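A single chain comes next, written as structure tokens; it is the form deposited in one PDB entry.
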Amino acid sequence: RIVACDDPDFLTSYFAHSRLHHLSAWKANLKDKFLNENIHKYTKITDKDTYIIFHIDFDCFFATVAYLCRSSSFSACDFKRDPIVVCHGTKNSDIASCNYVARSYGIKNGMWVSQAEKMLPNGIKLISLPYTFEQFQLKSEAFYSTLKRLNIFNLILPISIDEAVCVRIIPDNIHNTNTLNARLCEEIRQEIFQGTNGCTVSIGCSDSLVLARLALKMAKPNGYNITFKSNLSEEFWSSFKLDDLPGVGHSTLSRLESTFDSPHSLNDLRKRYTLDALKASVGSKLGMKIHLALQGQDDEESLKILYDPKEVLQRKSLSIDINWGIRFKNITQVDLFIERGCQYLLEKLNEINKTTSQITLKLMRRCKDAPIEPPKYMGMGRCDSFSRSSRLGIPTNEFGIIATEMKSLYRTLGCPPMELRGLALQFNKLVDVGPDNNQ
């Protein structure tokens, strides 16, 4: 039942098991579905519209669904009392999702099982459930079907398998109130709970995208929060960590902590920062984004999804990344893998009826001082990254052209096959295919 990377079935088996592959494939499908359902519609927010954002997201999605769908081997498992994770393995295996019991011990999505087990007091046992990928998708379908059926939103924007941004336009003749917004939140939560046979969503409700995201975090688990710009307070900002802000990850977090004397909440940050010191710390565009976010306001870039969702959701690149299980003995096997990847990508490219004029090969190579077999079974371990791109000239979907150039790109980066630990193949620029192809 084990498929090595030189086996023709490797890509199929890896993608079938990989949560992150599913995460990307689901999002791509939701994007395509939105564009197809709106090819002739012109559903979009205009400058004349005043809107409310309902940002809706499943609580511990994989853990909830895997629990509801668990096999009889786990019948006695208790979602409200047991710490529950979803993962493949037993040690250096990622926790895809953990329930809020597990989180009360400090366990987080993305931790290794080995790390999470150590956070449990003696006598407390971690419950590890398998993935149920098809049921994740079915629950998502129920989610999106329910959102449409409620007929309360002018625009429903897919964010992910378990998350959507739902926009309600308020006519100027209508007096919106907290009570009406609360009743809509409760309707949404109950209808999704029924429609999904027991999954919970939380909801952030506001007059900006960024505040609706923060409200969502405040609402979790299994709740809703309504915080409009009018309602902003010190109590609100004091409730969030710095990387609760959209666009702030670990690297930006570290830079903000170094620049502003280790702020411990968004309130700390907003009382200490200056716009200029903030652009200097994290960059001009991200600095302006954060500055606006601390006023509860969206930046120009984030607003594009409301005003032109078709262009924001339109796919502009196509790629695969395989950075697990990569163990090749020679260049012949590397070349065959590149060919299989190009075949896979060209199927995707032909499905969307496009050609490509620029491609990229990226690789991960074992660091010179890193063990040949890393801590994580079949992991890439510590690696150096290399990337090179090539303009094709004539846009094409021809395997011969693209695969030959990808294999040449690999040659130019000089990685010995045995040192290779990861490969990415990218079609960076896509070109339409029209009815007129006479030259």
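When you see a residue number, it is the position in the sequence shown, counting from 1. The term rigid core refers to the most C-alpha atoms you can superpose between the two forms while keeping them within 1.5 Å. Only residues modelled in both forms are compared.
Missing here is the form deposited in another entry; even so, the following discussion is about that form.
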Comparing forms between this form and the one not shown after core superposition, the one residue of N154, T90, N176, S238 displaced by 2 Å or more at CA: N176
Direction of Cα pair change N173-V210 in the other entry, magnitude 3 angstroms or more: closer
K229 and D172, C-alpha gap in the other entry relative to this structure (3 Å or more): closer
Consecutive-residue runs (3+) with Cα displacement of 2 Å or more between this form and the one not shown, core aligned: 46-49, 171-176
